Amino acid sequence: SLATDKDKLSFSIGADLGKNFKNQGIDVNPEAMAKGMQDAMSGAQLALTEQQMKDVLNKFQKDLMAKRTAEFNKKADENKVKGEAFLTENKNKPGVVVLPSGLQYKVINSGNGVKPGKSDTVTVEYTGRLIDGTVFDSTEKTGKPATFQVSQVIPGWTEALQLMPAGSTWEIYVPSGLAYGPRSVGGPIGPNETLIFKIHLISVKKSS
């Protein structure tokens, strides 16, 4: 019966828990959960001691943490293998130059301005995408250029910008260690991901 607000709130909480458990692969008996919830609220004597229940839950958390780590390590290794393959094929393509760090670049149009330094501030327009073509960032949304210091950006950009004459448009292929590396809290960027960026340097300005 979902006639009362109490029933509807109770059903809605259960449904949210169920979705979460099913998404995480946690197998649970809803009837046994209801028994424990009822006995705890009624003030009855629980069929398990407080230590027995503390032992079951501490083990569950450890088992869950292990499975999560194993799935993150699996994805990181898959992304690394895909990246090494893409960059191994990209180096054989026309215009591709490979640098000692593993950063690769292709010149779309060369500019005639100055190449920025590490302390310098640069204004740029760019689009960042994964090897599948999924775009994750662009100034084309803002409709406005972006300003950054060459030393405060991802390593791949710091290396490329110091070789780019102002006015130039280049495409860069960044290994994961020159990007976000073995980390993926969220976003469309997962662990050990190789990235592709189209970057246009508009202007460079000194500090002092």
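All residue numbers refer to positions in the sequence shown, first residue = 1.
For the pair 171-179 and 143-151, the mean B factor over Cα atoms is greater in 143-151. Stretches 21-29 and 194-202 differ in mean CA B factor, with 21-29 having the higher one. In the deposited coordinates, the residue among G128, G117, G95, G102 with the greatest CA B-factor is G117. Ranked by C-alpha B-factor against the other modelled residues of its chain, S184 falls in the highest third.
When all modelled residues of the chain are sorted by CA temperature factor, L161 is found within the lowest third.
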